[PDB]
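First, one chain by itself in structure tokens, the form deposited in one PDB entry.
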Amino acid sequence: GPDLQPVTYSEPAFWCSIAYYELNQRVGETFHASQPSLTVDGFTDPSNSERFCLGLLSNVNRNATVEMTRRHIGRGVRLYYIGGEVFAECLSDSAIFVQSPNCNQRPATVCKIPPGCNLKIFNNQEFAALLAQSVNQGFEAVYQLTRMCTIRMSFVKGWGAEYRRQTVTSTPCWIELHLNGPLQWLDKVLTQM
């Protein structure tokens, strides 16, 4: 057996996974989205396939700054896609902040979404174009394209160049979104490098 395993692809049961963080620690289980629309909020429903409720997640190493920020998440953010493009809507009373390398390519730019705004955060056509442009740049170049399939968002507090908090590990409440569809296409290119 000098050949490798035949690679097969099955459609993901979830179009994205979301991991919640407080400062630099994972908090709670990873949320998986089986529906085209979902909301990440600060409430306490643990059994809604369309709601990732952060208010019920406990953290015994949590300080008062994180505790106060959690109370301001409120209605949180609505995440849903149309076609090959993903977007985020701020339902909360406080703003939300987004770091999307796929959006920066069009590299740490953090964008505010004021309460009530509807903003786009991903375009799969521009990712495929970049993925096509990256195959010429080597294996390690394409391998680091995972950053384009992941989107980080912070509630209430911002971070980056325009803020005292330099990194996302300094924000009290943030999430990391993984786009499973594009990750599969990236997987097929990586296996062919």
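Residues that one form lacks are left out of the comparison. A residue's number is simply how far along the shown sequence it sits, counting from 1. Here, rigid core means the biggest group of C-alpha atoms that superpose within 1.5 Å across both forms.
The same protein also has a form deposited in another entry, omitted here; what follows describes it.
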message: Looking between the shown form and the other one after fitting on the rigid core, I'd like to know which of 166, 58, 136, 63 has a C-alpha displacement of 2 Å or more.
response: 136
message: Once both forms sit on the same rigid core, is the C-alpha displacement of residue 46 at or above 2 Å between the shown form and the other one?
response: yes
field: Consecutive stretches, 3 or more residues long, displaced between the shown form and the other one (C-alpha shift of at least 2 Å once the core is aligned)
entry: 4 to 13, 45 to 47, 135 to 142, 191 to 193
